[PDB]
Structures are given as structure tokens and as C-alpha cells.
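Taking it in order: structure first as C-alpha cells, then the write-up.
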Amino acid sequence: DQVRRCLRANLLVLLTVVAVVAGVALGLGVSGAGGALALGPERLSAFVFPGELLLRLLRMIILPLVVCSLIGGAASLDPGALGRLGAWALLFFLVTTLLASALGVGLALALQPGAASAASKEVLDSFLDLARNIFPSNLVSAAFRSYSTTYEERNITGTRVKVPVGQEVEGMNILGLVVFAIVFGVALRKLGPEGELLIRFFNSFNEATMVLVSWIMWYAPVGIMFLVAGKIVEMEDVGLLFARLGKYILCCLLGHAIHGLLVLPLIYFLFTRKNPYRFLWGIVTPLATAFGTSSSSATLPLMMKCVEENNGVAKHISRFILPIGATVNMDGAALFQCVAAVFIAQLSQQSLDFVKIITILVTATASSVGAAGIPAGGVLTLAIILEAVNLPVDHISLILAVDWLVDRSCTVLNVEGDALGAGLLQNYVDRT
Amino acid sequence: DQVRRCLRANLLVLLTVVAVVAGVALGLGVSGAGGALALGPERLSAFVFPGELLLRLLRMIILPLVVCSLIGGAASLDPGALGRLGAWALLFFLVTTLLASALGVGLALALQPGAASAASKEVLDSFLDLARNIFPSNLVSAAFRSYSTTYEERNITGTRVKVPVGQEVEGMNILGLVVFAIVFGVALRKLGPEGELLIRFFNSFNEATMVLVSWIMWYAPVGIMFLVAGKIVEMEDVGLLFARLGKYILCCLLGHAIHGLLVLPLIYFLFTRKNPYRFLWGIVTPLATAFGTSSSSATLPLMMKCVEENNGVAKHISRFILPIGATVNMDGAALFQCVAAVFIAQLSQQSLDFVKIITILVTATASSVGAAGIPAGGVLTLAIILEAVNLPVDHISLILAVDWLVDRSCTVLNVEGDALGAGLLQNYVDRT
Amino acid sequence: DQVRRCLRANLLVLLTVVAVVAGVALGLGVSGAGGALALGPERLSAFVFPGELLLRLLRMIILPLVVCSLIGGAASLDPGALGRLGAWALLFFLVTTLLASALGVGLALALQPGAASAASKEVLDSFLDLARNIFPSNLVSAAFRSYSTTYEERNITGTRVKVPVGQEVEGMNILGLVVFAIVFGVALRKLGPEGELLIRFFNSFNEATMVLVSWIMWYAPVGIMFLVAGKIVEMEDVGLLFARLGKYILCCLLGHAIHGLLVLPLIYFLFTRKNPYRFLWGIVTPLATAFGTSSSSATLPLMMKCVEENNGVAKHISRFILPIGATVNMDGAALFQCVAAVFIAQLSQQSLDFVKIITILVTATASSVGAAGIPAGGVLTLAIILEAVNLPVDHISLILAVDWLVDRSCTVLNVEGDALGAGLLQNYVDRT
Ligand SMILES: NC(=O)CC[C@H](N)C(=O)O
Ligand SMILES: NC(=O)CC[C@H](N)C(=O)O
Ligand SMILES: NC(=O)CC[C@H](N)C(=O)O
């Protein structure tokens, strides 16, 4: 009857949380067998192994996906700078996403989820190391290794000269590779119709790897349950992690509720001079079903069906920015990246490092225009920024473990983002 | 007269055995000058050098050839799962090639050619190291280096903890790269007509490198004679190597004669319930000329000219599987890879290592559908598996030195393979 | 009036010498503040840093530009071996460029500019190391690292055995990569119309990177002034460098005047048996304006407007070789590469090493057919050979600092090259 309708539509996002609550069970079973009742680090890695094989070939495809889905994207941008009264919305989308992700980290590293009872050093003139990494030395070595400065001593006229020498270290720099792929993407657009084939090569190449990143997602529930099992063994506690998680769902949703209800409505009232609470009261029902379906793509047509008569928006802007803002202005993911990538930074206690805090915030504004629409789409697109800023990505497991609630909490602020942007632009254009 | 006909048609396979019997001559000449009558390892490498330059740029082209001849191959496979009574032949071709290569190694490492008078250690849970190498971490580092586990000691609560740490070591993993290229090859087929260009890119790219691997083969006779000369110098013996070779031609041909005359005719009689010796007695003459021309491509049309009336095969299956089985069901090469790559393993005494024995047997079943048709075509395609399972490939020289007999011995079992498969399928379809 | 005409046409080659004379000014300002009045090597590198960022992403684009502008070049060569009386001009262009670059180094390392008051070791059987580097082991490791032999000791029957072992060291080998790209370029031409797309891919790919190497050149004047400032600090002298430069402009222009006035006119009189000084006296005015505009592309149409009636050249060869020789026979750059890359070799005192002196001379004959037409075009194309023969490329700064005179001195010998080749071919064809 309806056991074929709902169960087969969102099977995978259902099955991926079936996996982790069963993955923790045999994780509890071996800690019910008790710690390393199985043999030590030479044999236990063989039983955490097919959890690595989700994570290992996940890093394989992000070399095509981050560089070939982005050239074909950035070649089809700027359609003649299409809106004199349209590009201000695109500038609105960027500043409401920076300000989204500004309090993203700025709440979490102020609130410290992860380092509660947990309780070499790098100079902040490693900003040039970030800039030397943006523009890579050559491309083929930039697909697997990246630049980094280590300090050695000279011991000449002073026992501590502390000279920075730069040795290229492993792990790719997709942070320094999407900057190539953007600046290659404008290049072959500017060249024009003679090099159209290179677009038609590349934007078919990502759909040749988006079609196999679907195949990786079907491996994920078998894969996830072996890196949540082999993640609670070496931690040995279960009461500890549900306080590790149990503060993280707080700072996400509080990070949404602070953002969603106040700070973009303050952006509303500073330009609209009307009531945002009279504004969104008409559009509660798409924001109701966006929490239900967890898809701004699915609630895309229902927005114009409601906001056009429940609020006085124009005709042509209902289809002009709101199809854009459903897959471009994604403030909901931009919190969810920005508060997770600093959360995993507090799991392993990497570094405070303000130079990383901007590049954990620029990329989180750049994956925010990335994955979209489908539920649990941000899990892939924050898996590329955890490889960008060299975090240990293997802690993705516990933070898509609770994705079933938090992505539904971010989908509603996602769909809210262009909606208030729609009402803000109509008062800028009808006022004339 | 006929000095232009025969001599110019198979010139290269003639000239490559002219080269090695002349290459051993000045190899005997410097050992007739006596050992290192020339200067030592700093000067003798300069005179073995243009033998390395066959072998060095041989490894260059196997990065395009193994990954671009295989996507364009695997995109044109499964034409709608073309045969309800046809795909059983393709399943027949695989199981008669595994069972071919099963006794491939299983004869040779039971018979030990190479380690007769010759007379760190790795754990057999390096199977995960093989599986961690199948699915690579990223593609660009998978074109030149591969994963491997080394054991270091921890010396904490036990002086021998033996922790496996994994450092990526040099030498590419085409074993882990053709698995990408297959699973990319099904990807852009499944995507359909929108990404047809990526096929039309790639299957023109291999013909842009198959046309220069012809040019490498013309360098080979100049090249071979300087790595058979500089291979018998450091071994210093000539009576030793002709016992090294003189057992290898045995186990190949015995490996064919055990396979060809008994074990697939036992596959015949278990399904046909007729006489295979009454079967192949009609088709001795193509099997006669297949030994002569050493080309299943050349003896491809002569098979239907004989087997269709000398035996009661059907009309449509004479052109349905037998054109397939001439370049797909190649059991003759699949012995010849599988008994050489363990033979070279016994020259350098690498390792017994059952984990390698399956991946010396999976790939030998995968290059068996690879190179075809032309004589001495398996020499290239076993040069890619000697780089797969990290054998020293420079001992290819002495085993194409005697290729002139053994490939003619494997061509006849090659052409035999689909022929008995043709007779087996007709008794499965005419019986109805 | 004319402040918009001249100033906006050659702005960049004006602005790049504005930059260096202002870049030396604050370079003099910090040495007017006196040496390391700023903090030491941990802080001064942060203020030489945006000079590195010209040089760093300069090395980025020379992986596409040297391999994708060269396949699309070498696929469109040999149009049916187009001239029975035309290819002798192309053979003339090569031998007048070797003989140009023969005295290129051969003047400079005989005259020693750079090592005047400046006042491990590698064996000359590192020629095989050059040949082992021409033909690379695999392509993807040839885009960032290259082969090199180091000698270790064996200490067995002699305390100094000096065995050469070969470890691959950093820095790419575009010397060994353009040899692939040529021999790939003939491959897909020979394959014909079926692989036309790979040409149409690649010759659109360089115009997708020639269009961003324009964007690098606009960064260059901001970029240059921070690596001439941070180059005179560690040298601390200003009177020293203007003797370092002040001999270099000598050996260039003397290298042109020896070449231009005598040695190709001796090639003239050995075949023409007429007066070259009666020859070029008619064409002083294009050679006048070639010094002025510093562009053989701009003085391309003015050559046929003068040399066709001021000298008795034919009709059809005026448009047959002289459009070729304006962008192929470039002897002016071939001095300017060949005397700079040995000049920078005498700045850092790298090595005398006759094996390098031919590969500093083969590539300088190969970039001579490279960049063209525009003034200061050789600065890019000698930046790729300084990465070829592993020179420190960061001394490009002081030798485009004085490019404004020397390229105008080489443009006139550039345009002279095919002009005398035009007069030489007409006396070979009208004589019949
Ligand atoms: N990561 C997310 O959940 C993004 C928000 C919403 N689900 C979307 O796909 O647009
Ligand atoms: N390597 C081989 O000789 C293969 C068998 C046969 N010569 C063929 O080309 O099909
Ligand atoms: N590097 C150079 O100046 C080359 C000579 C001349 N300017 C040209 O572009 O052809």
C-alpha cells in the first residue's frame, strides 16, 4: 500500500541511519565482549577495514568531482551579467552566506563542542603558506601533495634563528585546485565558441563521475557501520560520545535559530521597513513541508504556489531568483559545514589557528553553492572541505549519524533564505 | 620471388629472434673477453643502456594503454545483454580461462622452473593491502605509486607488537587502476548519449597510443639485444640459463597439452556426451595452420570454412561466438602469462605469497581478453602484468627469446577454445 | 592626443620596466634603511612574497603550455612535405639557428659574465642521465619530478667503487616531456581523420591557457618589483650588479652584431656569390622600424612591401617563407635564451658540464620556434628552459629588467633571418 511509497523513496537516508545504529550495536558488542577482546592493532584494523573502503574511495572521486564539476559550472556562469536588478540578489546571496557562516565557527569555537573533558606549533604567518598553496607550483603534484613550511634551526649568531623551509607534504590541496579550476573556468568561457568542446568535454565528465558517486552512496551503509564500530572501540566510552554529539545538535540548531529568526530578518527590516514576522507567517506551510521532505528541490515549486499570493511578491521574480536561491543560496548547509569542520577540529584537537578559520569559512561558503536539493547532500560536500583544510575526515561518521535531524533543521533555513530575499528585492523594484 | 612474400610479412617476429641470438653472441663475446673485462658497474651500465630504453619507455605507454584502451572497451560491452543463449558462451569463456590459468601457476610453482640450483617477510593478511590497492586513494598518485604496509615495533607492553603502518611506495598500481577504468567504463555507458563524447575521446586516444606502441616494437630488436647481453654478463653462465629456459618450454607446452587434450574435452564430454576426439579430428587443418601462421586472426575465417561442414555446427553461431572467441577466449595467452609471471618470480626468488598467486591469476585472466591476433602479442600484455604484481619486468627478454615456439604452441589451443565452445553450445540449442 | 596612442599600445612592456626601476628603489630604500633593518629570514620572506607569486604560478602554467601548445602545433606540421623547393628553407632555418645559438653560449661562457669577482661534482657520463630523462618512466611522475643519478660507495674490494644509483628528484622535466609531446603529436597526425578530435581538444586547450597566461602578465609588474627588491637585499651591493648586467648587454649585442653582420652574410656569399651589403642596404627601413616597434609580427607586411622591389626577389616566395620565418626562424630569441641561461648559470655558479651545454642549446633552438611576434615574448619562453635545465629561474627578474633594449636588438636580427633566406632561395630557384 504505502509501504512501497515512502520506504522506497527515501530508502538510503533511512538506511544510512539504520546502519549506524546497527553499527554501534556490534561496536557495543565487541565492547560487550570488552575492549580488545579481539586481537590488537594488527588484527582489529582488518575488521574496521570495509569502513575505510567507504572513506578511501571517497577521496578518489573528489579529484574529478571538485575540478570537473566546477569548470563546467564556472563556464556557464555570467550570462551577460544577466540582471541589472538581478545581480544584486547574487550579491545578496553571498553576504547572507558569509554572515551565516560567520557565526558558524564563531558560535562553535566559542562554545567548544568536543573538547569538554578532553582538556609542532605553527606561526600565524603561515598565511603565506595558505597563499602559496592557493596558487600551486604545478598541477599534477597539486592533485596529491601540498606545500607546508617547517622550521629548522640555523644556530649561527643565535641558537634560535627559526628559518622557515618549505617541504611539500602529502594530502592534496583541493583548496588550491578549485582556484585553478575557477580561473580556468573563466578562461575557456572568455575564449568563446572556438573552445566550446572543452566545456562539452568537462560538463559531461562530471556526469560521468556524478553517476558513480551515486554508486559510492550505495556502498555507504555497509561502509558506515564499520567505521562507527571501529571508532567507539578505541574510545571505549558510549556515555562520553553522546555528550560529544549531544552538544553538537544544540549548536547547530541554535546556530540556525539564531540565524533564521533574527539576523536575516534584521537584514529584512533594515531594507524592507516592514514586519518579517508578518512576512513568514504566510509561508509556514512550505517551511513545514521542507522539514518533512528535507528537500529544497522538492519544495521548489510549492514556494511560488504560496508566496506569490500569501505575500505580495511580483510575477517575474518568483521564477527569477527563487530557482537560483534553491541551489545557490544555501545557508543551511553553510552552517552545517562550518560548525562541523570546527567540531571535528575539536575532536582531534588540531589547532585554533585563525588562518585556518578563514579558510574553513571561505570553502564553507564555496561548498554552500555546491551540493543541494537531495537530503544528506551536504555529507559529500563537507567531505571535500575536510580534505581541504586537512582535517581527519574519518569523523564524518558520527556527524552524518545524526544528520537525519540536523539537515531537516537546515533545509528550512535554506528555503527561507531566498524567500526573504524575494521579498527584499520586490520592495527594491516596486518602489522604483 | 617468395623472398619478398614470407620475409616481409612476419619480419619483426623473425627479427626479434635474430636479435636475441645475436644479442647473446656479443654477450658471449664479452664473456669471451671474460666477465668484467670491461669496466665495472659504473661503465657496464652505459653499454646495457639502450636495452633499458626499450624497457623504460615500455613502462611509459602502459599508463595510457591500460586505462584508455579499457574505458573505450568497457563502454562498448553489454549490447543489451545480447544473448539469452549467447551470454552463456561468455560465461563459458571466463570459466575455461580461469581453469586454464588455474593449472597455469599450479603446474609451474609445483614444478619450480628457475629455482633448481639457486636453492622483509610479509604476512598473508596483506590481502587487505591488496584490497586497499584495488581502490586507490587518489588517481594521480595511483599512476606512479602504490600502497604497501611495513611493520614497525611499538615496544610498549611487549617487545614485539608488530604494528602495520602503511607507507606508499614507488611503482604504479595498474592493478588498482584498471578497476577504476572498468568502473568508470560502465559509468559513462550508463549515462548514455549525453556523454558519448567521452567515449569518442578515449577510444580515439588508445588508437593514438596503439599507433605508437607499434613504433616501440620497431625499437625492440635493437633494444632486446642489449638486455640479453647485459643479462648473461652478471650471471656469467650459459649452461645454467639453457637449463633455466629448457624447463620453461616444457611446463608451457605440457601446460598446454594437459589443458588442450584432456581438461576442456572433459568439459566437452560432461555436457556434449559425445566424442571430442571425433570432434577435433575434422578441424586438424586449421589447428595445423594456426601453428604455422601463429595468428588466430588469420585463421579466423578458415574456421567457419571447415567446422561448419566437417562438424555439424549451426549457421548463425558460426559467426556469433567464434569471432568473439578469437579475441576474447584466449586460453593460450592465459597460460603463457600465468606460467611466465611465476617463472620470473622464481628467477629473482620474490615470494611464494598466496595473496599474490590470486592476483597473478586474476590479471592473467584479464590480459587474456587483452592482446590478441598478432604473433608475439602477449609479450606486451604480459609486460603490463609484470608491472602489476611488481615483478622485475626486465626478465621479459629471455622469455620472448623463446616466444617463437611457445606462442605457436599457444595459438593452437587459443583457436581450439571457442571451437569446442561452438560445438558445446550447438548441442545445448539444437537439443531444445 | 597621442598620449592615448603610444602609451596604451605598449603599456605592459613600458610598465614592466617602470616596475623594476621602482622595485629597485624600495630595494634601495631598505638598503637605505640598511641591510636587514627589517627582521631576518623569517620575516623578510613575507615581504619578498608577492614576487614569488609571479614566479610560482608561472611554473604552474608551463605544464599545460609546453605540452598542449606543442601537440596542436606538431599535428599541423608537415602539410604533405609541402615544398620540394620549400623544405630546404626549413632546413635552412634550423641550421641558421643552431649556428646562431652555437656562438650563443660559446661567446658567453668564453667571456664569463657574472663570475668576474665571485671567483656534488658530476661525471660527464651523466649523458645517459640526460637520455634516461628524455624518455620518461611514466608521464604523471614526469610532470613534477625527474631522474638523477647519485653516487654511493660500496666499500667492497676497494674503498671507492663509486656506484651510480638513480633516485628521482624534484622539479619537472619538460625537456623529457616535450619529446613525448612531439612523438605524440606525430602519432595522432598519422592516425588521421578518426582522431581529429584529440587535435581539436588540444589546440583549444592551449588557447584556454594562452588566455590566462595573458592574465599572469598583468600580474607581472606588481610581481616583478618584489623580486628585484628582495634580490638586491641579500646581495647588498648595487655597484656590483650594474657590472653584472653591464657586461651582459655587451655579450648579447656583440653576440648579435657578430652574428648578424658577418656569419649569416658569409652563409649568403657562399651560396649567392653576391654582395650582402648591397642586399640589406635596400631593406634598412624595415630593420629600422623593427628596432622601433620591437615586433616582427608588426613588421611582417612591411617586408614584402620593401624587399620585393628594393631587391629582386620573386613573387610567390615573398609570401611563402617570410610569413614562416617571422614566427619560426627566430635567431634573435635563440641568442637571447642561449646567452641568458648560461648567464644565470654563472650567477649561481651551477656547473660547466658540457652535457648541459648541449641541452641548453637544443632547447634554445626549440624555444626559438616558440614564442614570437610580441615584444618581451621571449621572457616566458626562456622561463620554460630555465625550468628545463634546472637553473634557478628567479633570476629572470634582472634579465627582463634590461629586456627593453636587448629584445629590440634581437628583433632586427630576427627579421633579418628569413630576409637573407629569401634572397638565398631566389638565387637557387631562378638560376634553375
Ligand atoms: N546538506 C543539506 O541538507 C542541504 C539542505 C537541503 N537538504 C538541500 O539539499 O538543499
Ligand atoms: N600471445 C599469443 O601468442 C596469443 C595467441 C595468438 N598468437 C594470438 O595472437 O591470439
Ligand atoms: N624575444 C624576442 O624579443 C623575440 C624577437 C621579437 N621581439 C619577436 O617577438 O619575434
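Identifiers for the C-alpha cells are assigned positionally: chains receive A, B, ... in sequence, residues are indexed from 1 per chain, and ligands are indexed from 1 in the order shown.
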Using only C-alpha atoms, find which residues of chain A lie within 9 Å of chain B and jot them down as an MDAnalysis selection string. chainID A and resid 40:43 46 49 52:53 55:63 140:141 143:144 172 200:201 203:205 207:209 211:212
Taking only C-alpha atoms and all ligand atoms into account, report as a PDB file with C-alpha atoms, in the first residue's frame which residues have an atom no farther than 9 Å from an atom of ligand 1.
```pdb
ATOM      1  CA  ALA A 290      10.633  21.409   3.931  1.00  0.00           C
ATOM      2  CA  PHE A 291      11.285  19.968   7.378  1.00  0.00           C
ATOM      3  CA  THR A 293      10.665  16.124   2.934  1.00  0.00           C
ATOM      4  CA  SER A 294      14.178  17.525   3.644  1.00  0.00           C
ATOM      5  CA  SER A 295      14.491  18.739   0.067  1.00  0.00           C
ATOM      6  CA  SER A 296      14.519  22.291  -1.197  1.00  0.00           C
ATOM      7  CA  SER A 297      14.308  20.814  -4.689  1.00  0.00           C
ATOM      8  CA  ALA A 326      17.239  26.907  -4.068  1.00  0.00           C
ATOM      9  CA  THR A 327      20.589  25.587  -5.287  1.00  0.00           C
ATOM     10  CA  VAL A 328      22.852  28.614  -4.800  1.00  0.00           C
ATOM     11  CA  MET A 330      22.123  27.519   0.706  1.00  0.00           C
ATOM     12  CA  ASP A 331      22.711  29.000   4.123  1.00  0.00           C
ATOM     13  CA  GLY A 332      21.533  25.803   5.771  1.00  0.00           C
ATOM     14  CA  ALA A 333      24.464  23.755   4.576  1.00  0.00           C
ATOM     15  CA  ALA A 334      26.833  26.665   5.140  1.00  0.00           C
ATOM     16  CA  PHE A 336      26.334  22.720   8.787  1.00  0.00           C
ATOM     17  CA  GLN A 337      29.729  22.574   7.132  1.00  0.00           C
ATOM     18  CA  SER A 368      27.352  26.118   0.103  1.00  0.00           C
ATOM     19  CA  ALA A 371      25.679  20.162  -3.298  1.00  0.00           C
ATOM     20  CA  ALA A 372      21.980  20.777  -2.973  1.00  0.00           C
ATOM     21  CA  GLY A 373      18.445  19.548  -3.259  1.00  0.00           C
ATOM     22  CA  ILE A 374      18.674  15.963  -2.075  1.00  0.00           C
ATOM     23  CA  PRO A 375      18.704  15.147   1.640  1.00  0.00           C
ATOM     24  CA  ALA A 376      22.127  14.280   3.071  1.00  0.00           C
ATOM     25  CA  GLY A 377      23.737  16.033   0.135  1.00  0.00           C
ATOM     26  CA  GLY A 378      25.965  18.109   2.365  1.00  0.00           C
ATOM     27  CA  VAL A 379      27.721  14.981   3.637  1.00  0.00           C
ATOM     28  CA  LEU A 380      29.647  14.638   0.412  1.00  0.00           C
ATOM     29  CA  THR A 381      30.272  18.336   0.080  1.00  0.00           C
ATOM     30  CA  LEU A 382      31.636  18.654   3.576  1.00  0.00           C
ATOM     31  CA  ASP A 403      22.191  14.082  10.009  1.00  0.00           C
ATOM     32  CA  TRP A 404      18.552  12.947   9.922  1.00  0.00           C
ATOM     33  CA  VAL A 406      20.028  18.480  11.553  1.00  0.00           C
ATOM     34  CA  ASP A 407      19.663  18.524   7.765  1.00  0.00           C
ATOM     35  CA  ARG A 408      15.918  18.849   8.229  1.00  0.00           C
ATOM     36  CA  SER A 409      16.704  21.745  10.524  1.00  0.00           C
ATOM     37  CA  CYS A 410      18.928  23.307   7.890  1.00  0.00           C
ATOM     38  CA  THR A 411      16.628  22.692   4.945  1.00  0.00           C
ATOM     39  CA  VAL A 412      14.052  25.052   6.420  1.00  0.00           C
ATOM     40  CA  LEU A 413      16.554  27.852   6.777  1.00  0.00           C
ATOM     41  CA  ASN A 414      17.838  27.062   3.294  1.00  0.00           C
ATOM     42  CA  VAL A 415      14.413  27.602   1.739  1.00  0.00           C
TER      43      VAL A 415
END
```
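In this model, the gap between CA of residue 150 in chain B and CA of residue 120 in chain B comes to 8.8 Å.
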Skip range 213-225 of chain C itself and residues of its chain fewer than 3 positions away, then list as number ranges by chain all residues within 7 Å of it, counting only C-alpha atoms. C: 15-16, 19-20, 22-23, 50-51, 53-54, 209-210, 228-229, 397
Just list as number ranges by chain whatever in range 79-252 of chain C DSSP marks as alpha helix (DSSP H). C: 87-111, 127-134, 178-191, 196-205, 210-232, 241-252
